[PDB]
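Okay, here's what each chain looks like letter by letter:
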Amino acid sequence: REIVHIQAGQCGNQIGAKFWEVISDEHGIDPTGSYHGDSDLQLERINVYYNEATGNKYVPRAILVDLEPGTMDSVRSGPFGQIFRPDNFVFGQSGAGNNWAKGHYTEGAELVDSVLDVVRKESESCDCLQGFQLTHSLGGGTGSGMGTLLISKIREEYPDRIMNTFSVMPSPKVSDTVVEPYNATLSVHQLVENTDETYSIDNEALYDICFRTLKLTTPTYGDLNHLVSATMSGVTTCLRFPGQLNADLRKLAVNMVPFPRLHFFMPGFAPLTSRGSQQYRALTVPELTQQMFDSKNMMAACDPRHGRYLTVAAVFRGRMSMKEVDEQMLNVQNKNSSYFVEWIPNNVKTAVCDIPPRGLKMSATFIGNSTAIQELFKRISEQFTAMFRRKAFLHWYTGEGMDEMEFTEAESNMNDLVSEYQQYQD
Amino acid sequence: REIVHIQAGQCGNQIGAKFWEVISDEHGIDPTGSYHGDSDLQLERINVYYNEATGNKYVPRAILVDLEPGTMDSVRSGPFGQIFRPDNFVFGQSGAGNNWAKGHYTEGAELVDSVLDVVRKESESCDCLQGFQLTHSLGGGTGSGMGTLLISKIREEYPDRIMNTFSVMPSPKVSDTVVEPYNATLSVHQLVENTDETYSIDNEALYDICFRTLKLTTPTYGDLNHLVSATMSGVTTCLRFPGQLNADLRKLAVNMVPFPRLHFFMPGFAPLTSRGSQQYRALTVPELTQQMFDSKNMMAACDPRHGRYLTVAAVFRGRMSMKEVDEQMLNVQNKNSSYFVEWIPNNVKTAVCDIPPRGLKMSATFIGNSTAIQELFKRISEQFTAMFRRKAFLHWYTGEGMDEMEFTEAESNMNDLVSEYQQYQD
Amino acid sequence: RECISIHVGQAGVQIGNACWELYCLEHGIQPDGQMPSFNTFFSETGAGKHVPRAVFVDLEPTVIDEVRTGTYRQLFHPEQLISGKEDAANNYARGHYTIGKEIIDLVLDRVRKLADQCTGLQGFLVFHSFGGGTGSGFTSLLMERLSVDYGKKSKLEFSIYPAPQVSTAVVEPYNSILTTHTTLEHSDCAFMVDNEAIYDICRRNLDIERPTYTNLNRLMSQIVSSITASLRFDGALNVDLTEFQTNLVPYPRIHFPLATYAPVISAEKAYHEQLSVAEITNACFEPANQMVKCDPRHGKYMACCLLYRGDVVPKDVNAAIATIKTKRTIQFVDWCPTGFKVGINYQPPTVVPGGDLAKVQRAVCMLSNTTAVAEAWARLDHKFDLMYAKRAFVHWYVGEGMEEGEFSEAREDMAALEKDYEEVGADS
Amino acid sequence: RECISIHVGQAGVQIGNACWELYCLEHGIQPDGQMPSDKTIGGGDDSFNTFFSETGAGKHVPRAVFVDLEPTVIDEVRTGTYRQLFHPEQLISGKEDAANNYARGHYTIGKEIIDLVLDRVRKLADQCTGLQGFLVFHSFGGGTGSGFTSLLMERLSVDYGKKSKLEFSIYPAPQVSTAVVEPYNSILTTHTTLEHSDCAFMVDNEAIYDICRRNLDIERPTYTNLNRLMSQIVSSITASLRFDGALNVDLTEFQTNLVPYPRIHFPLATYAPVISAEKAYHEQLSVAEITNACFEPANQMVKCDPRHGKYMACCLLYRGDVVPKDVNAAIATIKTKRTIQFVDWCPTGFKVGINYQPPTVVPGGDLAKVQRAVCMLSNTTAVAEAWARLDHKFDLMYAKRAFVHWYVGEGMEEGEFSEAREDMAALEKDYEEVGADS
Amino acid sequence: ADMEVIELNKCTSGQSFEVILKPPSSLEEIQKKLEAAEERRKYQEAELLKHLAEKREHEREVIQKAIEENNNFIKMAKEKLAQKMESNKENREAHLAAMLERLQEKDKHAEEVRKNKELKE
Ligand SMILES: Nc1nc2c(ncn2[C@@H]2O[C@H](COP(=O)(O)OP(=O)(O)OP(=O)(O)O)[C@@H](O)[C@H]2O)c(=O)[nH]1
Ligand SMILES: Nc1nc2c(ncn2[C@@H]2O[C@H](COP(=O)(O)OP(=O)(O)OP(=O)(O)O)[C@@H](O)[C@H]2O)c(=O)[nH]1
Ligand SMILES: COc1cc2c(c(OC)c1OC)-c1ccc(OC)c(=O)cc1[C@@H](NC(=O)CS)CC2
Ligand SMILES: COc1cc2c(c(OC)c1OC)-c1ccc(OC)c(=O)cc1[C@@H](NC(=O)CS)CC2
Ligand SMILES: Nc1nc2c(ncn2[C@@H]2O[C@H](COP(=O)(O)OP(=O)(O)O)[C@@H](O)[C@H]2O)c(=O)[nH]1
Ligand SMILES: Nc1nc2c(ncn2[C@@H]2O[C@H](COP(=O)(O)OP(=O)(O)O)[C@@H](O)[C@H]2O)c(=O)[nH]1
């Protein structure tokens, strides 16, 4: 199998720029240039993230969508800007909106096709499909809105093939914007219906990580962003790499998710941050693990604690011994045996991969299907419900062509999930 | 009269390979070659075991059956392998089975004819018939099963002509095989219905002879086997030889068997085993007889003791005087007069023949229709009944095409014989 | 006038062959034939051969083949030798019903074919084994039928009553009892010859550790010579067969005379002899020198009758019988005078040259009929009984076609004979 | 007469490939093909042909199918030497993966390749006059190992009525990488499998893994590490029907011998002297002891113990320099200082089979050269332990429908799940039932 | 004794005479009994040819009712296969082309209520 990428929105489109350029660094690609890295592995399963074209050169299987030029020429005029095949660039002209409606109805279904139809090519092009992965902000528009739409249109053009989203659930500290909950709760609805897995990367953590544990005074959009980029890195490693067994993304779904409702894994990462502060290396394995099962070492604001894990998976990074890893993990379901679902047996599985990421001799990444994650929901739902209260900033969606009650039948869908998530401490 | 031979089964077919090549040695035949032996007798009644063909040469009246090649090229590539007429070789290709069902129904009535129809030639060929004699294992298949079948098809093509079997009733020490009783009890049924004589050679003695009394550490299949070979040699002598009176096998049935139910003579033999100190040749006649009427010296496990004799017959071997033999036997029905049926007058008859066997200047052989023999039966019957108990390994015959109850109406036939055999201590 | 010898059964035949030889050795017939009142047994052939009036009949080859082998091979028409493929396998069942029926019409032919040339045949001398296959089975069936195709002409059976040791076989009692029931109305007179007693004699005087088959025969043939003979060389006491039952049997029932040949003694001792004309007589009156294993000193006598041979003029016999009386257990039953019909024959009692018995200057014979032959009738009947008391071997017959009620009712006839015997016996 | 090896599933295949190699190293086939030993192939009349059919004039080719619903695994074989050993046809690979569920293999993505497999299968036993059956290797749990296997089996029992079937199943232990959903998969297949199978060699990974830590002394037990171990068990289990001798022959009647009651009875094995080069020079090991240490809970095959469960058919398989006089008065002694355990009515077994043939191990292996080796195929009511150790895992996942829908989606019914576990219910009760009596 | 013995016959080679010592003081028209022999034989054996003509065609039956007991195994659960593996196409094209028939009503509701901008200022 092999996977293609949809990258959509101001956020979705840095989130992935930064993504690409740390995965491209792992297998080792110049701007387009071939491969340069004296360690041979890399190209094994570079099939997954790279369709290879003219000359020894490389090109990612990625497609880029925005409903205003700007944030595209951010990528071209930028890091690994010369890498993407120009007709994998779908810029919207128009006005982004930054209100879901615009991106899921009006300025959205304006572009939709051009996207949908290059995905068609790249996909129906690659030898045999796996699914799709998309990245975006779950708040604001184009990407929260245009995106949710794409998947709701990919599904149907591609139903047997399954689904992945890195969705940045937004917060109040770090980007204000009157509206977010509205967009979020609209998309939360969207997601739950038709993906099989979605990573819940929250900014309230992402920011709060960068503060109380990582000096960073006034945490940037970049220096921050970074976290996620490295997080996606691990979360893909085992589809991206070895022969230490494969990763049908499916295998990963129908193992992670017990219950159809795409239960969004909260992720976490091992080592973090530093330009001006990283010199540790002495990041041990004990010291690594009980740091990966930490509260504010997770990408979702949400301490396991207030919810058991349904199923968890960890992926480890570097020349280090499982002699020690096997035994260290098997201690975490002991010193913490209580907060793990009783009823799903070997619901902790781990894997070890011997090639470090950018810097960092040792690293681990965490995948967390836990009930507790409704904490993120019970939050946005009440940020919302407290606005949908006095039927608030809604005249903005009123008029763009929606019905009064779609807000309810999506509040009362989230507010649902809430309490089957709550329902599952039995 | 003249008798033809059916040899059937891995057992039946060594048993007889070993037989042939000790009788062929007595009348003296090369591989095919004529006769070379400066004592003239031999050819008298070589009619009986030899149909003579092209040139001065000889060929046995034998027919060989097996449901798998193997154990035939054992005979051809072996001892007197070049002796048998190739179309007296009926090999079954197929799979032996080693489960009666296979040999008496499926893989059996597959061959049957080819056999049946060569016997037809060889028989309806020889000048006037006597009966047939067949050799086989009474447990395992093809032979226990194919064989019992043959006789159940000989009878009918040959009803007036009567019946002889060397049937090795099997044991648990020496060949394991969780099934044997099943096959045995199946065949015990078979035999009892339609032969007029059968020799009950039991391995449990044959092995226990070779141990207890005959050094042999871990007794071979060969070195063992041998016993039976020499036992058949005697048991035939008086049909095979002199003019000291004839032997219509009939004239041997209607004298040995009072009661239609083919009462299986347990046999015994005089000297045994090895080149050493029975090969010292002071085997005297007293010392010979009271060793032939021994417990430890019979071919069936079964001490007369626990059963009187119905009728018994002994055949003696070598230049020795009946001055002594007549008088030595007529002592055994004295310092043993008690354990001999009251009611059948001269129920001990003996014959003397002056040509020794392989080696051995003096030898005797024993034919024993004794009630005691039910000890062999009361044995296999309960080895059986304790399996047919929890309807055991029987799904093996279940499915090959038998009825649940055929196992009973043959248990309840043996378990019958048991107690007319018991019934005959009145 | 003339006499046929039917031999049936292995024994019958071997006694025949080895007695018919003592016939030749007496009238001087070279095997070939020519011997350069004696035709009583033989009919003269073409111009040279002398040929017996004989039939030999068995249901195997073997026995008869060795007659067609050993010199004498020259003595018979191959026709008088009837052999019959499948054996009687040791039971009256077989002989009389199954494999007998098959050959009986062929025999019965050449039988006729023989008494046909013969103007005034006076009867048959049938030799057979008491027990055992065709000797009992066929014999009976033979007998049944002769008593039909030849009403008058009497019949003399010479039966070899089987003793335990000299190879019997289990089933025998059945066979003897069987035949001898179904035989006895068709027979006129019957010379039972118990083997034991012949065998015994052989160990006794002949001094053979081993008593050989043909050893026994040379003995018996002599008895058989002396019993016949009176009708062979001619000269009374019984010149004809109907003179046998005149003198020996008083009551229909076939009465079985016992014989007692005189001086058996072994060359080695051929030069001790000329034996007391008295003694030969007087040792012939001896339990120990008998024919059937009984004793006539615990059973009454009902017809004595000596047969003498050789140089003996009556004036001896006579006051030598008086003395065979006074120092003896006489025993004459109530009403049978005090017999002794005697017959000397002058004829040197010639014995066989490769024999064991020696040349003799006179010999006795004694054909006495006594209620003690009845001992041998239950010595057998016991063997029978307790075998039959468990059906022992029964079915080997019932299969070949017999009835149960044959067996039952045949033994229910010896029951009478045994009672018949002892009954007529000793009186008040 | 002749024997086909069907390999299905990642495990199935990797056991195959690294077992079929121990096949070659014993009969002497250097990848290439030709075994410049005697003849065959100019007239295949040798006793070694049990598994192979001789090609053209040189190469020796197995009677094999390797079938997986991914590439990867089989591409392995088409890559590493041995690449030269097979017809490329015997290696069936099938694009989209079985994604870890019986649903997949047996219904959706299985249906697609089954008809193509089933072809080259025939195409193999078609040249072969008197095929006598199949050896199916597969993973107990997990995708195509459970799913397709079942479908395969269902169908074979159709196109070949008679010809019996032996499954070698790798029953999955917790640590040696399972996956959550496994229980479901193994309970699924093993219900729908069991009436089409005749006899079944379950091989629990734990116990193999265990042995590798234990005597082989590997901190890490490698994937191909476990296989070399098992391939040896597999060699010894076969073999009796492979090369020959008066010594001993087939499992055609070692079944006859092993399983008494229709239900597929799952024999447990116990390979003899595993010891690591580093110690290849301590050996010549007690003809008594190899036996006596093979009669050991700690040296097993399945994670149970036959000392808290009755025995219903023992059967030693010996190899190398061993004449009976040993085994014999060395069984009597494996009978007096031991928990015997023979159930009411199965005599007191041990049909045994020596094979003379040097028990050749792998040269780049860890096991060392051996003078003689045991095997023990005993069927016991204690194999029933592993039947609920799994069934428990099942139950309480199913007691909340856990992962159900991932199948129901791919097309299954609920009442399959329900009624399949309602059959192990019977087997578990069947088992312990026939067991120990009065 | 005082015996007398009146003398009876004289031949060229013989003589006889009593010596008395003390006073005295079929038909077969019936060999029907012989055909009968065989009337019983060829019965009692032409009835072990027909108690065994039986032992026979059950053999050529038993192995025929396993060919009957196994034909009829391809019969059942060797096709239960095909119409259970159909009760798959049935069960899926329902759950699939019905996951298509709802992910297709965010088409009508998203198009005929987006042509709501028919409102506009
Ligand atoms: N006196 C004497 N008796 C014999 C002789 N041969 C056999 N017998 C006896 O007769 C009985 C056996 O009779 P056979 O004449 O052998 O029986 P058969 O069936 O008529 O003859 P076969 O056709 O050979 O079976 C036994 O009791 C023997 O003791 C012999 O040569 N002389
Ligand atoms: N003994 C052994 N077990 C293995 C091996 N590889 C995987 N397994 C086990 O087999 C089970 C997995 O079955 P798989 O065949 O890999 O899954 P599958 O879908 O059938 O085949 P895939 O498409 O490759 O997944 C698990 O219990 C693993 O522990 C191996 O090489 N040896
Ligand atoms: C990157 O590719 C991955 C792919 C998979 C898994 C996974 O999590 C570690 C991955 O890493 C993110 C995976 C998942 C989950 C399980 O339950 C927690 C499981 O048992 C098993 C797995 C994976 N492992 C195995 O099948 C051997 S454990 C199968 C699919
Ligand atoms: C195969 O050749 C033999 C055939 C027979 C006999 C026999 O002795 C056992 C044989 O030797 C092996 C035989 C047997 C048994 C008797 O009953 C014990 C009998 O009276 C009589 C005999 C045999 N002999 C005689 O009847 C003369 S005693 C005839 C049948
Ligand atoms: N953490 C993460 N969030 C971002 C980033 N850029 C924008 N966002 C968040 O995404 C939300 C707005 O989405 P955006 O992509 O700007 O709007 P769109 O182009 O209309 O999709 C806000 O909650 C922002 O905090 C980014 O670089 N990283
Ligand atoms: N002693 C004797 N018995 C044997 C021999 N071979 C096998 N048996 C016995 O017969 C039984 C096995 O039957 P067998 O003849 O080998 O199977 P078949 O080929 O189907 O007839 C076991 O009880 C063995 O003890 C042998 O040749 N001699």
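Residues numbered from 1 in each chain as written, not as in the entry; some residues may be left out. Chains lettered and ligands numbered in written order. Heavy atoms only, no water. Residues with missing side-chain atoms left out of burial classes, pairs and counts.

1. Comments concerning a negative patch on the surface
For the record, the criterion: Like-charged residues are merged into a patch within 9 Å and nonpolar side chains (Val, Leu, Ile, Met, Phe, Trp, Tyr) within 5 Å, provided each residue has over 30% relative accessible area and no salt bridge. Residue exposure ignores everything except the shown protein chains as possible cover, and the areas themselves are Shrake-Rupley values with a 1.4 Å probe. What counts as a salt bridge is simple: a side-chain nitrogen of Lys or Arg found within 4 Å of a carboxyl oxygen of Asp or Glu. We count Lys and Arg on the positive side and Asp and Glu on the negative side, and we leave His and both chain ends out. To locate a charge, take NZ of a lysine, CZ of an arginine, CG of an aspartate or CD of a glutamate. Strands are runs of DSSP state E lasting at least two residues, helices are runs of H or I lasting at least four, and both sets are numbered from the N terminus onward. Remark: exposure states derive from per-residue accessible area (1.4 Å probe, protein chains only) relative to the maximum for the residue type, with buried under 20%, exposed over 50%, and partly exposed in between.
Together, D403(B), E404(B), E409(B), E57(E) and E61(E) line one region of the surface with negative charge. Tracing the sequence through the fold places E404(B) in the loop between helix 14 (395-401) and helix 15 (408-421). Residue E404(B) is classed as partly exposed on the basis of its relative accessible area, which comes to 43%.

2. Topic: unusual backbone geometry
Residue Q42(B) is not a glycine yet carries a positive backbone phi of 25°. Note that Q42(B) resides in the loop between helix 1 (12-27) and strand 2 (62-66). Residue class for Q42(B) comes out buried when judged on its relative accessible area of 5%. For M376(D), which is not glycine, the phi dihedral falls at a positive 50°. Examined against the element boundaries, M376(D) turns out to sit in the loop between strand 10 (372-373) and helix 12 (386-398).

3. Remarks on the domain arrangement of chain D
Residues and elements named next belong to chain D. As a reminder of what qualifies: What marks off one domain from the next here is an automatic or database domain assignment. Note: buried area is the sum, over both parts, of the accessible area (probe 1.4 Å) each one loses when the two are combined.
When cut into domains, chain D gives domain 1 (1-267), domain 2 (268-382) and domain 3 (383-436). Across the domain 1/domain 3 interface, buried area totals approximately 2,700 Å², and carbon plus sulfur atoms make up 67% of it. Three residues, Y171, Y184 and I187, lead the burial of domain 1 against domain 3; their summed loss comes to 28% of the area buried on that side. Across the contact surface, domain 1 and domain 3 share four salt bridges. For the salt bridge of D204 with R389, the shortest nitrogen-to-oxygen distance reads 3.4 Å.

4. Observations regarding the side chain of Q90(D)
Residues and elements named next belong to chain D. So the rule is basically this: We call two residues contacting when some pair of their heavy atoms lies within 4.5 Å.
Along the polypeptide, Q90 turns up in the loop between helix 2 (73-77) and strand 3 (91-93). Under the relative-accessibility criterion, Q90 is labelled buried at 7%. Aside from chain neighbours lying at most four places away, what touches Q90 is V61, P62, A64, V65 and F66.

5. Considering the pairing of strand 1 (residues 4-8) of chain A
All names here are of chain A. Here is the rule we go by: Paired strands, as defined in this entry, are two strands with at least two bridges between them according to DSSP. Here a crossover is taken to be right-handed if, once the strands point away from the viewer, the path from the first strand over the helix to the second is traced clockwise.
Buried residues dominate strand 1, accounting for five of its five residues. Burial along strand 1 is two-sided: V4, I6 and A8 and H5 and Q7, pointing in opposite directions, are all buried. Across four bridges, the pairing between strand 1 and strand 4 (residues 131-137) is parallel. Its bridge partner lying in strand 4, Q7 is registered against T135. Sheet topology places strand 1 next to strand 2 (residues 62-66); four bridges connect them, and they run parallel. Across the sheet, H5 pairs through a bridge with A62, a residue of strand 2. A crossover connection joins strand 1 to the parallel strand 2 through helix 1 (residues 9-27); in handedness this β-α-β unit is right-handed.

6. Brief notes about the interface of chain C and chain E
Taken residue by residue, the interface counts 35 residues in chain C and 27 residues in chain E. Listing elements by their share of the side of chain C that touches chain E, those giving two or more residues are helix 2 (92-97), helix 4 (133-149), helix 8 (230-234), helix 11 (314-321) and strand 8 (341-344) of chain C. In terms of residues, the side of chain C that touches chain E owes the most to one element, strand 8 of chain C, which gives four residues. Of the pairings in the sheet, the one linking strand 8 of chain C to strand 1 (residues 15-18) of chain E comprises four bridges and is antiparallel in character. Across the sheet, residue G343(C) finds its bridge partner in strand 1 of chain E, namely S16(E).

7. Regarding the site of ligand 4
Definition in use: Here a residue counts as near a molecule or strand whenever at least one of its heavy atoms sits within 4 Å of it. Definition of a polar contact: a pair of N or O atoms within 3.5 Å, with one able to donate and the other able to accept a hydrogen when the atoms are protein atoms, and with sequence-neighbouring residues admitted only if both atoms are side-chain atoms.
In the vicinity of ligand 4 there are 17 residues, among which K251(B), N255(B), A313(B), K349(B) and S167(C) approach most closely. Proximal residues around ligand 4 fall on chains B and C, making this an inter-chain site. In the environment of ligand 4, an oxygen atom lies 2.7 Å from a nitrogen or oxygen atom belonging to the side chain of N255(B). Isolated, ligand 4 exposes 610 Å² of accessible area, and the fraction of that covered by the protein chains is 93%. Only helix 9 (222-240), helix 10 (250-256) and strand 8 (309-317) of chain B provide two or more residues apiece to the shell around ligand 4. Element by element, the count of residues in the shell around ligand 4 is highest for helix 10 of chain B, at four residues.

8. Points about the pairing of strand 7 (residues 266-269) of chain B
Residue and element names in this part refer to chain B. Burial along strand 7 is two-sided: the face carrying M266 and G268 and the face carrying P267 and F269 are both buried. With four bridges joining them, strand 7 and strand 10 (residues 363-370) adopt antiparallel strand pairing. Looking at strand 10, one finds that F269 is bridged to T365.

9. As for the site of ligand 1
All names here are of chain C. Let me state the cut-off plainly: Note on residue classes: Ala, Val, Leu, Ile, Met, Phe, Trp, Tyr, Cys and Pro are nonpolar, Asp, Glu, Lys and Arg are charged, and everything else, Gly too, is polar.
Taken together, 25 residues lie near ligand 1, and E60, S129, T134, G135 and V166 sit nearest. In this structure, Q10 approaches ligand 1 through a main-chain N or O atom, which is 3.2 Å from an oxygen atom. Between ligand 1 and the protein, one listed contact pairs an oxygen atom with a side-chain N or O atom of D87 at 3.4 Å. Computed on the free molecule, ligand 1 has an accessible area of 650 Å², of which 94% lies beneath the protein chains in the complex. Elements with a minimum of two residues in the shell around ligand 1: helix 1 (10-27), helix 4 and helix 7 (213-227). The element that contributes the greatest number of residues to the shell around ligand 1 is helix 1, accounting for four residues. Partitioned by chemical class, the residues of the shell around ligand 1 number eight nonpolar, 13 polar and four charged.

10. Let's talk about the environment of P257(C)
All names here are of chain C. Within the secondary structure, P257 sits in the loop between helix 9 (244-247) and helix 10 (277-284). Separated by 65 residues in sequence, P257 and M192 have C-alpha atoms that sit 7.0 Å apart. Once you skip the residues sitting within four places of it in the chain, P257 turns out to touch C189, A190, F191, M192, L248, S368 and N369.

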